[PDB]
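Below is one structure; the comments refer to it alone.
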Protein chains: 2
Amino acid sequence: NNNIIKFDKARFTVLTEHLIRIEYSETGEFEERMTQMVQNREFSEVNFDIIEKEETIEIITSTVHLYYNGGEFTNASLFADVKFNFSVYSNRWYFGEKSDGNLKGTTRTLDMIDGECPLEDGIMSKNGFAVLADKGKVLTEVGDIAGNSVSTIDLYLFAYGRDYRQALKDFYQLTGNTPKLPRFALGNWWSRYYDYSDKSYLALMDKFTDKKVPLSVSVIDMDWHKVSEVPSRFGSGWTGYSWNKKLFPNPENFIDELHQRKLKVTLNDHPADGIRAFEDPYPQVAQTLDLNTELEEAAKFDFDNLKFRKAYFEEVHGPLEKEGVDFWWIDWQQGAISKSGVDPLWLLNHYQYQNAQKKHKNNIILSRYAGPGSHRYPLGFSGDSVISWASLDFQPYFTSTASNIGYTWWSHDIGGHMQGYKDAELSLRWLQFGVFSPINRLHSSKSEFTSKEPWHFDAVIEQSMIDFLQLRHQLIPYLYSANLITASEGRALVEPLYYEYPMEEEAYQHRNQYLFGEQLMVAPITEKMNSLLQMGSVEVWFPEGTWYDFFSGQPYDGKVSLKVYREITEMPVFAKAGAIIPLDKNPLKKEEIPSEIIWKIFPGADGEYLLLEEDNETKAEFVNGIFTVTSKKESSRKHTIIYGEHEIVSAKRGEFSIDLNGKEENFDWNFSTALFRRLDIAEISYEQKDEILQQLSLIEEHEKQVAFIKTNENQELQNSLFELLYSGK
Amino acid sequence: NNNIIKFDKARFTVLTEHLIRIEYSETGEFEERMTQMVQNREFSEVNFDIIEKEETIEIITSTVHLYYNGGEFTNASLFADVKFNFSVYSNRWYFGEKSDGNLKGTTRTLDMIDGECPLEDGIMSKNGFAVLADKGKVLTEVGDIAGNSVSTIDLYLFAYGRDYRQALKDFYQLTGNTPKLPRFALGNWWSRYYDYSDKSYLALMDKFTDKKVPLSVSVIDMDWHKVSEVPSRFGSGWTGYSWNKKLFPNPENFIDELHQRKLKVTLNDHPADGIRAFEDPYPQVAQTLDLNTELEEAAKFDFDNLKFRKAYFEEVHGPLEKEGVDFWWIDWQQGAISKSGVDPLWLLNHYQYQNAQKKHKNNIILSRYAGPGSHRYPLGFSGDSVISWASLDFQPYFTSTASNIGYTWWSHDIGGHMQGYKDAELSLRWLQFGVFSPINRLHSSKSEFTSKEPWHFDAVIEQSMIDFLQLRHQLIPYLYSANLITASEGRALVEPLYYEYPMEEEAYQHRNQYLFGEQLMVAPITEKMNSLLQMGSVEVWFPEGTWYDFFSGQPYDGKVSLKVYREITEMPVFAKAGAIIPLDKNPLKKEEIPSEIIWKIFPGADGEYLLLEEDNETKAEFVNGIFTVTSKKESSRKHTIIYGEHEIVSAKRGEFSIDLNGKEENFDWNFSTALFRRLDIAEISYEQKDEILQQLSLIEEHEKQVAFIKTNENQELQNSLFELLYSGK
């Protein structure tokens with residue numbers, strides 16, 4: 001290509017104006033094969049300039065000067081200046097050195113993490129550049145490990161400035177797009193490390209139905225297989241591939257019952273102790289792998305070994321798949337050691353994801369993060385988080401930041417995995433976040449005390465959990481459409497604020513705040529409520545424009561940073577004037593695609609929404625007060641229209657256009673009602689409640705209502721009252 | 001041997017079913033010579049299985065699968081699975097990696113340690129396996145350093161599960177048994193970093209006698225030699241080999257006076273500055289080592305050098321030994337550097353222990369820990385601990401954990417060495433521990449304020465210290481018998497609870513609690529007393545069975561974890577029903593072996609005790625209430641029998657049998673007396689004392705006495721009263 005330049009023992013490939021591959025080869029041969037990370041180096045031709053001398057080369061694009069002075073790559077011989085002024089003297093990359101500015105990415109797991117842990121770098125930087133080292137093995141054409149690259153140094157310099165979305169799109173072009181998820185992945189999952197029987201698991205699935213909680217996925221954790229029944233001469237029962245016949249006497253019939261309830265079924269797989277001589281598949285595996293059965297030779301876990309992988313997929317998983325297991329939960333915690341030097345977690349996710357496509361279209365796994373490019377193998381499984389306010393407070397930041405290395409389908413144990421402390425409000429706050437996260441999978445530890453069942457809790461917590469779990473299914477149309485946008489356009493469902501607002505300092509100062517698809521902005525509450533107010537709070541940054549609480553219609557004039565207060569049953573989620581959000585009208589109804597969609601419109605601006613589905617595209621447009629719905633293909637689907645407060649049209653078939661210029665724009669939300677409710681629940685003096693209600697009702701001028709609350713001795717009560725006055729301004 | 005297998009460049013030796021040597025050699029030659037650590041690889045033949053293929057080998061014993069995949073040893077090529085289920089996924093050893101579970105061992109020294117310090121691994125693990133790397137030099141047949149092993153990797157995989165005592169016995173078979181100590185080592189030692197004269201040292205030894213404190217050892221610290229009198233051109237006076245003639249004008253006569261008092265004598269040796277030209281032995285050493293005397297060439301410390309070692313033993317130590325020095329206190333603090341790569345501390349302990357056997361049978365040194373196998377050179381000397389409650393609180397755990405690397409004769413500075421803070425109760429608690437430790441050596445810093453003399457303190461502390469110092473000499477028969485059991489059977493005097501109770505979780509949760517020989521269980525108090533109770537406390541785990549306070553007879557029904565309270569003058573030490581403890585009846589009487597033994601019997605079960613002595617074995621048996629004493633050889637020894645409370649037989653000669661079925665089984669200890677004493681000393685309100693005494697006397701039902709104390713506002717007083725109610729149940 002004209003986009004390739006060789007100099008001394010180095011090779012430079014200008015992939016985009018903002019992305020340069022940098023290689024070193026001792027042997028004069030450079031690597032064309034794919035790697036664990038890189039799937040594609042075919043990019044459209046771009047313009048750049050070169051200054052090539054006897055001893056030095058300079059490559060010049062719109063955004064970077066890359067310099068190479070010959071010899072081995074050192075911090076002195078290989079370095080780059082960006083053509084940006086985001087910093088005073090952090091604008092230079094030096095080979096092998098770290099600079100300030102990296103917005104971070106993700107890490108393997110939250111196992112044993114109570115609150116924060118360190119993250120790896122991503123490709124996004126406030127200073128406009130990042131280097132992504134390719135240290136992986138080469139692949140063959142069909143995707144097996146081929147050994148060591150002949151490019152013994154192979155780097156990708158990203159110099160996208162603060163065009164983070166383009167950086168991520170081009171990262172997906174280099175490393176491969178995220179595959180499409182199946183719609184079932186986006187519903188509620190039930191999971192618990194608990195020794196259910198077939199009977200008690202079905203009873204619980206039937207109780208969810210009776211309780212009006214919709215589920216898409218039934219997880220069965222490790223007590224599906226033998227555990228205490230494993231003789232100790234074999235080691236533990238952590239790894240298992242044999243049903244516990246007491247609990248599951250007829251596994252296929254049990255899985256058939258979950259399938260009749262329209263559930264997908266996954267089993268926990270702890271692979272590290274392989275297939276030992278007590279296991280039901282051991283005689284077949286022993287025959288295939290020529291094991292010494294009289295010395296009970298184990299088929300040890302070895303995902304570098306083609307014959308082992310084949311026996312694992314065909315003879316260990318295969319029989320369980322025939323019984324109706326839909327996909328695999330790979331729960332790998334036993335380290336990064338293999339003879340090849342490839343992390344066994346990477347070998348599991350890569351080969352198991354590929355194997356899962358044989359039985360079902362667009363199938364998934366559930367496994368931990370295996371490094372850059374491992375987004376090709378959804379879903380992410382963060383693991384054994386400690387049950388704490390601190391863990392919840394980290395998790396939104398964790399989730400949105402992961403988009404910076406393209407890993408956009410994290411599934412967290414909703415409510416936390418293990419250890420930690422009981423607090424029903426923590427459980428409820430965690431579920432609110434989970435509903436507005438990539439995947440909503442309830443899971444817990446082996447404790448008798450950690451079930452995430454809503455009815456574990458009091459009547460208030462129970463009803464709120466059921467409400468949010470129903471909301472998750474209402475959101476599946478929006479989630480599935482965003483999923484197809486991830487797969488086709490390389491846009492994350494969960495974005496940090498700085499993707500949309502890269503030049504706004506406040507977009508970097510609200511770590512737990514994020515965009516959720518294109519129409520919603522979420523600010524989860526991740527701190528225990530103030531008992532004096534009976535409300536939790538978070539500081540929300542409202543960008544320029546008019547924003548509405550998604551639930552209440554409470555309005556906010558951006559741009560402003562404002563502390564917002566919500567009761568434990570309520571979550572801060574916001575939509576702009578002109579937002580159009582589809583919702584399943586029948587979230588409890590078992591059906592492949594919604595028979596009815598609610599179009600929820602926020603007045604005050606034009607807008608539009610494209611609902612992508614398996615077999616259709618439906619465009620909702622709101623222009624000069626006219627709402628129009630059209631689709632590629634016709635269907636019997638019935639559309640409901642909600643304009644602000646009011647249901648305008650109920651269950652109307654086919655394409656149509658309705659004029660909403662006539663209709664009531666304003667939500668009911670009003671200062672006086674909200675004021676009365678905040679004062680009423682507060683655990684403060686009745687004399688203070690009486691004085692605040694009286695004075696805020698009597699005082700007419702907005703500035704004097706604010707002066708009145710400014711004298712209040714309760715500082716947090718001032719901030720709560722200020723939120724209502726700001727919304728009522 | 002059939003117990004030897006070669007594969008690729010590796011050699012495996014199956015020493016036991018649970019112990020495998022693993023070697024790598026580039027040259028095809030493997031090491032048969034002894035090392036600093038390993039003295040013996042002759043073990044009886046054992047059965048095991050092999051699966052040997054073209055590219056891999058598996059060795060299978062009753063407890064482990066060892067795998068080697070060929071090539072250099074890496075975490076991928078060399079690894080082992082244990083045949084135990086003590087953990088879910090910590091059952092695999094990987095070459096060069098650490099696993100969870102190690103119960104730890106010991107470290108060189110407590111120099112400058114205030115409380116806890118990190119310890120090295122031992123051979124014991126809760127998960128059932130440990131690797132002990134042999135990184136030492138090879139020895140010649142006679143025990144000199146021969147250079148580098150030809151086994152450039154040489155490892156010992158221990159896979160004993162929780163059979164910790166067998167692991168330790170087989171470690172002693174590999175590394176050599178601990179030698180027998182001499183009986184004098186087990187008595188009280190006096191030491192102080194203080195510039196005594198011959199006259200003032202003898203006066204102090206005569207004051208111990210007048211004060212009824214028995215001593216076995218007289219330590220003379222570094223002010224024995226010139227210190228301030230050393231010209232500064234030579235460096236410091238820390239190293240010295242020349243008597244200070246002002247303080248010791250006639251050293252042999254002074255040592256003769258200590259010998260007439262039946263004391264053994266040791267001098268501090270700081271070896272690091274060698275033999276400099278001012279020293280009394282320098283002219284002889286200079287002649288032997290061909291030094292340049294007109295340039296005052298020093299004989300620098302060089303224990304790699306055969307001629308230096310010979311001149312050190314014969315011409316430096318030899319003259320002081322002729323004056324009557326019995327053994328050497330090696331106080332080495334000057335680092336681990338030598339030309340050979342052997343730690344100078346190891347060279348000192350190895351060669352000085354060997355040299356000490358020339359002048360006396362079963363002689364000792366006193367020196368810091370020099371790594372695995374250095375138990376062959378007793379005694380351990382932990383050094384310059386900081387005087388603190390924190391240091392004392394670490395020391396029992398430190399001492400029992402050291403058994404896990406076979407280093408079972410730690411001598412700690414009793415009361416702490418230096419710095420820290422005055423607290424007479426800390427001094428008394430420390431001496432209580434020391435009496436129930438491997439060695440009871442009182443020692444202190446150069447301060448005018450840190451003497452460990454009992455009469456330094458008030459009359460209460462003084463009497464209690466004298467009482468415990470007398471108890472140490474009463475215990476010498478028991479200690480000397482345990483010493484011969486260490487030397488002959490490889491059983492530690494001090495064991496962690498988990499040696500006896502490996503499957504009891506509570507045996508891992510009482511770090512300062514230990515077995516002391518086979519008949520006593522000790523729970524030292526290592527925290528300042530609660531001034532409200534005037535008592536200190538420790539949580540004691542009582543194993544299954546009936547236990548008695550060794551001192552009071554207070555009973556405890558196991559299994560239970562119970563906080564116990566003792567006045568500062570009292571120590572928690574416990575014996576089971578059926579325990580038989582010999583005691584010297586005449587601890588102040590200077591005599592080589594006790595002329596009279598008290599047999600202290602705890603009623604309620606059968607038992608037995610074997611008293612091993614220099615020239616006799618005496619068996620005490622208690623079966624169906626009949627007490628029998630027999631011996632290999634006859635003697636004039638007189639036996640006293642104490643059955644629970646009562647002296648049954650006084651000063652009876654020879655073999656005999658007495659029936660104790662007739663005699664009073666029960667101790668005097670009673671709830672009411674103990675209750676009155678705890679309330680009486682407590683610094684609480686008299687109204688509370690009156691109400692507790694009245695209500696606990698009136699309320700008849702045990703459950704209602706416990707309910708009454710459960711309402712007490714003083715939580716620690718509740719726990720103290722609960723201990724008495726539990727013992728009275």
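Here, A, B, ... name the chains of the structure tokens in the order displayed, residue numbers run from 1 inside each chain, and ligands are numbered from 1 in the same displayed order.
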Using only C-alpha atoms, determine which residues of chain A fall within 8 Å of chain B; present them as a tab-separated table (two decimals) with C-alpha atoms, in the first residue's frame.
chain	number	residue	atom	x	y	z
A	232	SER	CA	-11.79	-36.29	48.09
A	233	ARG	CA	-9.04	-38.37	46.32
A	234	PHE	CA	-10.17	-36.50	43.11
A	235	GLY	CA	-9.86	-33.01	44.74
A	236	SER	CA	-12.87	-30.66	45.13
A	237	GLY	CA	-16.34	-30.60	43.55
A	238	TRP	CA	-15.79	-27.07	42.16
A	292	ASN	CA	-5.03	-44.74	31.42
A	295	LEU	CA	-4.77	-45.36	36.96
A	334	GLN	CA	-7.66	-20.22	38.23
A	337	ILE	CA	-0.89	-19.94	32.98
A	338	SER	CA	-0.69	-22.05	29.75
A	339	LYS	CA	2.22	-23.62	27.81
Just the residues within 12 Å of region 314-318 of chain B, please, counting only C-alpha atoms, with nothing from its chain fewer than 4 positions along; format it as a VMD selection string.
chain B and resid 240 to 243 266 to 269 271 274 to 276 279 to 289 299 307 to 310 322 to 330 352 355 to 356 358 to 359
Neighbouring residues of region 137-150 of chain A were defined as those with any atom within 10 Å, considering only C-alpha atoms; residues of the same chain fewer than 6 positions away were excluded. Please report them as an NGL selection string.
:A and (23-39 or 304 or 306 or 340-342 or 347 or 350-351 or 354)
Convert the current residue selection to file output with C-alpha atoms, as a compact mmCIF listing (two decimals), in the first residue's frame.
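Saved result, again22.txt, follows:
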# COMPACT_ATOMS: atom_id res chain seq x y z
CA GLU A 23 6.23 -2.40 13.90
CA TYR A 24 9.81 -3.53 14.54
CA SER A 25 11.30 -6.71 12.98
CA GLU A 26 14.86 -8.04 13.54
CA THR A 27 14.32 -10.44 10.58
CA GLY A 28 13.02 -7.89 7.94
CA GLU A 29 9.69 -9.78 7.82
CA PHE A 30 6.56 -7.95 9.20
CA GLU A 31 3.35 -9.60 10.37
CA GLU A 32 0.25 -9.69 8.10
CA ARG A 33 -1.63 -12.38 10.10
CA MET A 34 -4.47 -11.52 12.50
CA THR A 35 -3.63 -11.61 16.26
CA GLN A 36 -5.74 -12.30 19.36
CA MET A 37 -6.49 -8.51 19.33
CA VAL A 38 -6.44 -7.49 15.62
CA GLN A 39 -8.89 -8.95 13.05
CA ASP A 304 -4.00 -25.10 23.96
CA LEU A 306 -6.97 -29.22 19.89
CA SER A 340 1.49 -21.32 24.76
CA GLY A 341 1.58 -18.11 26.88
CA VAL A 342 -2.04 -17.43 25.86
CA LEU A 347 -8.72 -19.47 24.85
CA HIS A 350 -12.57 -17.29 21.90
CA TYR A 351 -13.26 -21.01 21.34
CA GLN A 354 -17.18 -19.77 18.31
Run DSSP on the backbone and tell me which residues of region 339-450 of chain A come out as strand (DSSP E); list them as a list in words.
residues 365, 366, 380, 381, 410, 411, 413, 414, 440, 441 and 442 of chain A
Would you mind telling me which residue in A:475, A:414, A:132, A:405 lies nearest to residue 383 (chain A) when using only C-alpha atoms?
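Residue with the minimum atom-to-atom distance to residue 383 (chain A): A:414.
Between residue 508 (chain A) and the residues A:444, A:630, A:401, A:618, the shortest atom-to-atom distance, using only C-alpha atoms, involves A:401.
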I need the residues of region 137-297 of chain B that end up classed as helix (DSSP H, G or I) by DSSP on the backbone, written out as a ChimeraX atom specification.
/B:164-175,183-186,198-210,222-224,232-234,251-260,282-288,293-295
Which residues come within 7 Å of region 583-589 of chain B, counting only C-alpha atoms, excluding same-chain residues fewer than 5 positions away, as a PyMOL selection string?
chain B and resi 212+214+470+473-475+477+594+596-599
With distances taken over only C-alpha atoms, which of A:436, A:428, A:407, A:505 is nearest to residue 476 (chain A)?
A:436
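Summary of the local environment: counting only C-alpha atoms, residues at most 12 Å from region 647-650 of chain A, other than itself and those fewer than 6 positions away along its chain, are residues 585, 596, 597, 598, 599, 600, 601, 627, 637, 638, 639, 640, 641, 656, 657, 658, 659, 660, 661, 662, 663, 664 and 665 of chain A.
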Which residues are near region 725-728 of chain A? Cut-off 6 Å, only C-alpha atoms, ignore same chain within fewer than 2 positions. Put them as a PyMOL selection string.
chain A and resi 555-556+671+722-723
Keeping C-alpha atoms, export the residues of the selection given above as a CSV table (one decimal), in the first residue's frame.
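Written file, part28.csv:
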chain,number,residue,atom,x,y,z
A,555,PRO,CA,-38.1,19.8,34.3
A,556,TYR,CA,-34.5,21.1,34.4
A,671,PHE,CA,-43.6,22.5,42.7
A,722,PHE,CA,-33.1,24.3,45.9
A,723,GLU,CA,-33.6,21.4,43.4
Taking only C-alpha atoms into account, name the residue in A:170, A:716, A:17, A:302 that is nearest to residue 348 (chain A).
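Smallest separation from residue 348 (chain A) among the options: A:302.
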What's the 10 Å shell around region 178-183 of chain B, counting only C-alpha atoms, without same-chain residues fewer than 2 positions away, as a ChimeraX atom specification?
/B:172,175-176,185-187,216,360-364,373-379,406-409,476-477,479-492,592-593,613-614
Take the residues that were just selected and, keeping N, CA and C atoms, output them as a CSV table (one decimal), in the first residue's frame.
chain,number,residue,atom,x,y,z
B,172,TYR,N,12.7,-33.7,59.5
B,172,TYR,CA,13.9,-34.0,60.4
B,172,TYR,C,14.7,-35.2,59.8
B,175,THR,N,16.6,-33.4,56.9
B,175,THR,CA,17.5,-32.2,57.3
B,175,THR,C,18.3,-32.6,58.5
B,176,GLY,N,18.0,-33.7,59.1
B,176,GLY,CA,18.7,-34.1,60.4
B,176,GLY,C,17.9,-33.8,61.6
B,185,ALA,N,20.5,-26.0,79.9
B,185,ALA,CA,19.8,-25.1,79.0
B,185,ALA,C,18.4,-24.7,79.4
B,186,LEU,N,17.7,-25.6,80.1
B,186,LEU,CA,16.3,-25.5,80.4
B,186,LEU,C,15.9,-24.8,81.6
B,187,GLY,N,16.9,-24.4,82.4
B,187,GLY,CA,16.7,-23.6,83.6
B,187,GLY,C,16.7,-22.1,83.3
B,216,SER,N,20.4,-21.5,86.1
B,216,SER,CA,21.2,-22.5,85.4
B,216,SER,C,22.4,-21.8,84.7
B,360,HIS,N,32.5,-30.1,75.4
B,360,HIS,CA,31.4,-30.5,76.3
B,360,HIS,C,30.4,-31.4,75.5
B,361,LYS,N,29.8,-32.4,76.1
B,361,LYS,CA,28.9,-33.3,75.4
B,361,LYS,C,27.6,-32.6,75.2
B,362,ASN,N,27.0,-32.6,74.1
B,362,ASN,CA,25.6,-32.1,73.9
B,362,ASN,C,25.7,-30.5,74.2
B,363,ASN,N,26.7,-29.9,73.8
B,363,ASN,CA,26.9,-28.5,74.1
B,363,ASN,C,25.9,-27.7,73.1
B,364,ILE,N,25.8,-26.4,73.4
B,364,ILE,CA,24.9,-25.5,72.6
B,364,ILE,C,25.6,-24.3,72.1
B,373,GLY,N,17.0,-26.1,58.3
B,373,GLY,CA,18.0,-27.0,58.7
B,373,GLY,C,18.8,-26.5,59.8
B,374,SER,N,18.8,-25.2,60.1
B,374,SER,CA,19.7,-24.5,61.1
B,374,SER,C,19.2,-24.9,62.5
B,375,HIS,N,18.1,-25.6,62.6
B,375,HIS,CA,17.7,-26.3,63.9
B,375,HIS,C,18.7,-27.3,64.4
B,376,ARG,N,19.6,-27.7,63.5
B,376,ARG,CA,20.7,-28.6,63.9
B,376,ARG,C,21.7,-27.9,64.9
B,377,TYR,N,21.6,-26.6,65.0
B,377,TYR,CA,22.5,-25.8,65.8
B,377,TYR,C,21.8,-25.0,66.9
B,378,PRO,N,21.1,-25.7,67.8
B,378,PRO,CA,20.4,-24.9,68.9
B,378,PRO,C,21.4,-24.2,69.8
B,379,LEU,N,21.0,-23.1,70.5
B,379,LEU,CA,19.7,-22.6,70.5
B,379,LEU,C,19.5,-21.4,69.6
B,406,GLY,N,10.6,-26.6,61.8
B,406,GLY,CA,11.4,-27.4,62.7
B,406,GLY,C,12.3,-26.7,63.6
B,407,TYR,N,12.1,-25.4,63.9
B,407,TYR,CA,13.0,-24.6,64.6
B,407,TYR,C,12.5,-24.4,66.0
B,408,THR,N,12.7,-25.3,66.9
B,408,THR,CA,11.8,-25.5,68.1
B,408,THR,C,12.5,-25.0,69.4
B,409,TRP,N,13.7,-24.4,69.3
B,409,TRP,CA,14.4,-24.0,70.5
B,409,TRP,C,14.6,-22.4,70.5
B,476,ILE,N,11.7,-28.4,84.9
B,476,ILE,CA,12.9,-28.9,84.1
B,476,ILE,C,12.7,-30.4,83.8
B,477,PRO,N,12.3,-31.3,84.7
B,477,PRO,CA,12.1,-32.7,84.4
B,477,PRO,C,11.2,-32.9,83.1
B,479,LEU,N,10.5,-30.6,80.8
B,479,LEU,CA,11.2,-30.0,79.6
B,479,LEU,C,12.3,-30.9,79.1
B,480,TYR,N,13.1,-31.5,80.0
B,480,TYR,CA,14.2,-32.3,79.6
B,480,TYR,C,13.7,-33.6,78.9
B,481,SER,N,12.7,-34.1,79.4
B,481,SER,CA,12.0,-35.3,78.8
B,481,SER,C,11.5,-34.9,77.4
B,482,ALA,N,10.8,-33.8,77.2
B,482,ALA,CA,10.3,-33.3,75.9
B,482,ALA,C,11.5,-33.1,75.0
B,483,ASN,N,12.6,-32.5,75.5
B,483,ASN,CA,13.8,-32.3,74.8
B,483,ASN,C,14.3,-33.7,74.2
B,484,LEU,N,14.3,-34.7,74.9
B,484,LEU,CA,14.8,-36.0,74.4
B,484,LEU,C,13.8,-36.5,73.3
B,485,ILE,N,12.5,-36.2,73.5
B,485,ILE,CA,11.5,-36.5,72.5
B,485,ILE,C,11.7,-35.7,71.2
B,486,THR,N,12.1,-34.4,71.3
B,486,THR,CA,12.4,-33.7,70.1
B,486,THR,C,13.5,-34.4,69.3
B,487,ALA,N,14.6,-34.7,70.1
B,487,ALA,CA,15.9,-35.2,69.5
B,487,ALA,C,15.6,-36.6,68.9
B,488,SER,N,14.8,-37.4,69.5
B,488,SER,CA,14.7,-38.9,69.1
B,488,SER,C,13.4,-39.1,68.3
B,489,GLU,N,12.3,-38.3,68.4
B,489,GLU,CA,11.0,-38.6,67.7
B,489,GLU,C,10.6,-37.5,66.8
B,490,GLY,N,11.3,-36.3,66.9
B,490,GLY,CA,11.0,-35.2,66.0
B,490,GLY,C,9.7,-34.5,66.3
B,491,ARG,N,9.3,-34.5,67.6
B,491,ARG,CA,8.1,-33.8,68.1
B,491,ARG,C,8.6,-32.5,68.8
B,492,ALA,N,8.0,-31.4,68.4
B,492,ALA,CA,8.3,-30.1,69.1
B,492,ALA,C,7.7,-30.1,70.5
B,592,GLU,N,22.3,-32.6,90.0
B,592,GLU,CA,22.3,-32.9,88.6
B,592,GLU,C,20.9,-33.4,88.2
B,593,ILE,N,20.3,-34.3,89.0
B,593,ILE,CA,18.9,-34.8,88.7
B,593,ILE,C,18.1,-34.7,90.0
B,613,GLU,N,15.2,-39.4,81.3
B,613,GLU,CA,16.4,-38.7,81.9
B,613,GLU,C,17.7,-39.2,81.3
B,614,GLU,N,18.8,-38.6,81.7
B,614,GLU,CA,20.2,-38.8,81.1
B,614,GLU,C,20.4,-40.3,81.2
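Across the structure, CA of residue 706 (chain B) and CA of residue 718 (chain B) are spaced 9.0 Å apart.
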Would you compute the distance between CA of residue 73 (chain A) and CA of residue 153 (chain A)? Give it in Å to one decimal.
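So the answer is 8.7 Å.
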Atom-to-atom span, CA of residue 707 (chain A) and CA of residue 539 (chain A), Å:
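CA of residue 707 (chain A) sits 21.3 Å away from CA of residue 539 (chain A).
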